[PDB]
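Enquirer: Here's my sequence, what's the structure:
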Amino acid sequence: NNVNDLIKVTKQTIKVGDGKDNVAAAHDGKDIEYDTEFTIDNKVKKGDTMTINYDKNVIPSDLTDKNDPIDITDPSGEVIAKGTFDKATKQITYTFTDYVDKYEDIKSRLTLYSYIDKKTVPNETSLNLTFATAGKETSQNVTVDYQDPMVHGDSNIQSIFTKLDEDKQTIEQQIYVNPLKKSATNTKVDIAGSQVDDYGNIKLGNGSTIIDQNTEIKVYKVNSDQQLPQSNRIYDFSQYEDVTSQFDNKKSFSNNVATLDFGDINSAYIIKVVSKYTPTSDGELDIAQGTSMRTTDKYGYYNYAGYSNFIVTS
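Expert: Residues are numbered from 1 along each chain as shown. Shown next is the structure:
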């Protein structure tokens, strides 16, 4: 059964990484990388188990709970152990394969990726993270830096992905419109099923989603005296005013773009979007969706601010 006592940890580290460096599931924003190197006593045998613990304030993916843990593999890719993840205990239990009966003096390394829990850590702060391999812990202080909005003139916006449902092939995006609570004249918000640059220009060929009349779009108004979580992720929409039906006659669609006519505003809004995506021909994700806010300055010229999210698996 459990052979944690026969696992010696050579080195284990925790850091903040960039999501684009998680090759198996690359994404915008940051993540936590746990890199562990350990030796397996020769006494360990097939079907024996070891554990790895995540920090209580991280989640292996904050987009879905359906993935299995990655295997422990050698440099050639032979499988040393297969894992199962228990959400309750935030622990992986790894079961050694026959690899540990056929090889001796085994060393192994693993990198596990995770996300700060945005419900537990809704705003920027520093905190201590603690992980463990085979019951041996290490700790690391990290600073959590969430993104800034993109700001041009009165145009100011930010977005993140929040929920992937691979059964229905949908992605959820949460967009903050005017989080700075500016007075924004003739505001238009686009949602495009492609990457968008910082000025709202569509950049086709960098991932996609489908944005059309069947995309679910909900819109919430934020009061002057409400501050939005810096994490960009809302867990409880009941605290905001659902104004979705006010947009029934304010939406238009053209060539995989939705436009919402906000008009003259002086408040922040939250848009929650659920859109369909299309897996690639070889069974991977190549998801990208962007948003932009257009406002009119006092001289009648337009300012645009864009934001874009992505998930690309391999």
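Enquirer: what's the closest non-adjacent residue to residue 137?
Expert: Spatial nearest neighbour of residue 137, chain neighbours left out: residue 130 (5.4 Å); criterion: CB to CB, 6 or more residues apart in numbering. The C-beta positions use only the backbone N, C-alpha and C, and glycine is treated the same way.
Enquirer: so what's that neighbour bridging to?
Expert: On the basis of DSSP bridges, residue 130 is bridged to residue 139.
Enquirer: mind checking how far it is from residue 70?
Expert: To residue 70, residue 130 is 21 Å away according to CB to CB, to the nearest Å.
Enquirer: residue boundaries of the helices in the stretch 1-150 of the chain?
Expert: 99-102 (DSSP state H, counting those that start in this stretch).
Enquirer: can I see the domain layout of this protein?
Expert: Annotated domains of the chain cover 1-146+313-314, 147-312 [curated CATH domains].
Enquirer: want to throw those domains into CSV with mean neighbour count?
Expert: Below are the domains of the chain laid out as CSV (neighbours: other CB atoms under 10 Å):
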stretch, mean neighbour count
domain 1-146+313-314, 16
domain 147-312, 18
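Enquirer: need the contact list for the residue nearest to residue 137.
Expert: Residues near residue 130 by CB atoms under 8 Å, 6 or more residues apart in numbering: 53, 55-56, 137-140.
Enquirer: please redo it, this time with the cut-off set to 6 Å
Expert: 55, 137, 139 (CB atoms under 6 Å, 6 or more residues apart in numbering).
Enquirer: Out of the residues you listed, which comes closest to residue 291?
Expert: Nearest to residue 291, judged by CB to CB, of the contacts of residue 130 is residue 55 at 31.2 Å.
Enquirer: Hmm, the closest one is touching residue 127, no?
Expert: No. The criterion here is CB atoms under 6 Å, and residue 55 misses it with residue 127 at 8.9 Å.
Enquirer: Quick check: bridge partners of the residue nearest to residue 30 when sequence neighbours are not counted?
Expert: Closest residue in space to residue 30, ignoring its immediate chain neighbours: residue 16 at 5.6 Å, by CB to CB, 6+ apart. Beta-bridge partners of residue 16, counted by DSSP bridges, are residue 32.
Enquirer: Residue 16 contacts residue 142, doesn't it?
Expert: Yes. Between residue 16 and residue 142 there is a contact at 5.3 Å, judged by CB under 6 Å.
Enquirer: Give the residues shared as contacts by these two.
Expert: Applying CB under 6 Å, 6+ apart, one finds that no residue jointly contacts residue 16 and residue 142.
Enquirer: Residue 11 reaches residue 35, doesn't it?
Expert: No. Residue 11 is beyond contact range of residue 35, at 7.8 Å (criterion: CB under 6 Å).
Enquirer: Show me where the stretch 1-150 of the chain has its strands.
Expert: Assigned by DSSP state E, counting those that start in this stretch, the strands in the stretch 1-150 of the chain fall at 7-18, 25-27, 30-40, 49-53, 58-59, 72-73, 79-86, 91-96, 106-116, 125-133, 136-144, 150-152.
Enquirer: Same list, the ones you listed, but as a markdown table with distance to residue 300 please.
Expert: Formatted as a markdown table, the strands of the stretch 1-150 of the chain follow (distance: least, CB to CB, whole Å):
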| stretch | distance to residue 300 |
| --- | --- |
| strand 7-18 | 40 |
| strand 25-27 | 38 |
| strand 30-40 | 39 |
| strand 49-53 | 59 |
| strand 58-59 | 47 |
| strand 72-73 | 60 |
| strand 79-86 | 55 |
| strand 91-96 | 58 |
| strand 106-116 | 43 |
| strand 125-133 | 42 |
| strand 136-144 | 41 |
| strand 150-152 | 16 |
